[PDB]
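In the form deposited in one PDB entry, a lone chain appears below as structure tokens.
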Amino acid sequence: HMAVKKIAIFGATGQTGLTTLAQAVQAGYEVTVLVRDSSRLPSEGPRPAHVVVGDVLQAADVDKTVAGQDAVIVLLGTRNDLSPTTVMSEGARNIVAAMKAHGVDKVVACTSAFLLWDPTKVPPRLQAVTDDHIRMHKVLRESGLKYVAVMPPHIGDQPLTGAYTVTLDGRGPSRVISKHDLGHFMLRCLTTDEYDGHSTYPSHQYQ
């Protein structure tokens, strides 16, 4: 019943990844995850269909994760770490190469609403990570793949609602999206082509 049913999730162990994984498994997706050796999925949580242990910085590991999929969700990040990094942009380069080799077209990837900002107004403490989001978005935009650029504001702990606003190619009217709603939106992007080639800013007022 699902045009998209086998998906790879990068960053499934992270804040948004964990609830995206849980929702995807409940929705009937056959999920493959790439996890780093020292940080596997928690014993409590939902179980994906396939687990690749490795690093998004290894093309071989990314290839093993992307092979055979219908689509890719990207929720990579550096947890609390604000240091200069290229893990997201280099990871995206590997994902793009693997998708082209394996005939996968659809990629839904999370960067940041700061990419819709006047670049000079981003807080300096956040500029190093934002710089790699900028690099990652460029890699994905230039790939020619069917790319939904998800650019959220603050990721919060509020509920799953499915009632959030999706603003196309600009900043939205609220400054938060719950991690659960952000994961819900990443999965919604698999069911439609309407956001392909756009930037999307999901946001909501939790009340």
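Start at 1 and count along the sequence shown; that's the residue number. Take the two forms, find the largest set of C-alpha atoms that superpose within 1.5 Å, and that set is the rigid core.
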| As stated in the PDB record, which stretch has the larger average Cα B-factor, 5 to 13 or 188 to 196? | 188 to 196
| request: Between 78 to 86 and 109 to 117, point out the one with the higher average CA B-factor as the PDB entry records it. | output: 78 to 86
| C-alpha B-factor winner, where the candidates are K64, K179, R141, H50 | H50
| message | Splitting the chain's C-alpha B-factors into thirds, which one does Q158 fall into? | response | highest
| query | Compared with the other modelled residues in the chain, in which third is the CA B-factor of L34? | reply | middle
| said: For the chain shown, is the CA B-factor of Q26 in the lowest, middle or highest third of its modelled residues? | reply: highest
| request: Place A128 in the lowest, middle or highest third of its chain's C-alpha B-factors, as listed in the PDB entry. | output: middle
| task | Rank-wise, by C-alpha B-factor, drop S43 into the lowest, middle or highest third of its chain. | result | highest
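In what follows, reference is made to the form deposited in another entry, a form of this protein that is not presented.
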| request: With the two forms aligned on their rigid core, point out which item of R40, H154, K138, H50 shifts its C-alpha by 2 Å or more between the shown form and the other one. | output: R40
| request: Verify the C-alpha shift of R175 between the shown form and the other one: is it 2 Å or more after superposing the core? | output: no
| query | Closer or farther apart in that other deposited form, the C-alpha atoms of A92 and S39, for a change of 3 Å or more? | reply | farther
| task | Regarding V51 and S38, go with closer or farther for their CA spacing in that other deposited form versus this form, the difference being 3 Å or more. | result | closer
